[PDB]
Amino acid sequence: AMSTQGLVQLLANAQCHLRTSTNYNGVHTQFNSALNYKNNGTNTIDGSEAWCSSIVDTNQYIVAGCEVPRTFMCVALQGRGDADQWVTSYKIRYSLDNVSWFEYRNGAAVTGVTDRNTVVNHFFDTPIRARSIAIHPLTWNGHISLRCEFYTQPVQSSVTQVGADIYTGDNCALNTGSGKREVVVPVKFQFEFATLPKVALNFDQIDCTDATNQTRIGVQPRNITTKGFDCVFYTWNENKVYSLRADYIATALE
């Protein structure tokens, strides 16, 4: 437990779809596959403390599929809780683009378990960047029966909106006067962010007069909310600015 501290337990957190090659029956399915899964020991009808295949050969597998790429640090294997069935060695295969698949260690066997309940962790030689990952049992005791977990680095999710060409107008109010002067253009995002975004807001067109050879121009967001922000174009000192244009990039996390 300490050895995978701070990592995401994929199956525990229901972060992946699980597809199996075959299921012994309807109470031996991938619904029973989570590490340390335990069921009703007094009632036989809820089935096995494991996913168990129907066909017993070297062509079986369980696939965990994530739509968002992850960095897989480790796979834990465990035997069947309620009978002497466990997987003693297996192959790992994975895919990042879900078109081409690859074999970990070129398909060499990874060491599995030797009993019902003692978990055996395997940390991948190099962390594997993938969307989908599969356990392919190669050798077994009794039957192809397992519980398992995959451990990944935490993911971060961003949502970004770009908006183009926020403009002061021609011969705008920055083109007269002196001292600090601002022209404000309210901007509404196309959709409302779920959390407060950070906003980059940068020049794409500049039409301005120097003042004793000095250029002084700026643009900055103000009053950023989930819905929009005020685009503040500005100059200062004696500078006269005919126009300014900017594009923005707004990004919220998680």
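Residue positions are given as counts along the sequence shown, with the first one as 1.
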query	finding
123-131 versus 163-171 - greater average Cα B-factor per the deposited record	123-131
Mean Cα B-factor comparison, 112-120 or 145-153, giving the higher one as deposited	112-120
Top Cα B factor in the deposited entry, candidates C208, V219, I55, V199	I55
Per the PDB entry, maximal CA B factor within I224, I62, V68, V185	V68
Chain thirds of CA B-factor: placement of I45	lowest
Third assignment of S95 from its chain's C-alpha B-factors	lowest
Chain-wide C-alpha B factor ranking for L253, given as lowest, middle or highest third	middle
Entry-reported Cα temperature factor of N32, expressed as the chain third it lands in	middle
Chain third (lowest, middle, highest) by recorded CA B-factor, residue given as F193	middle
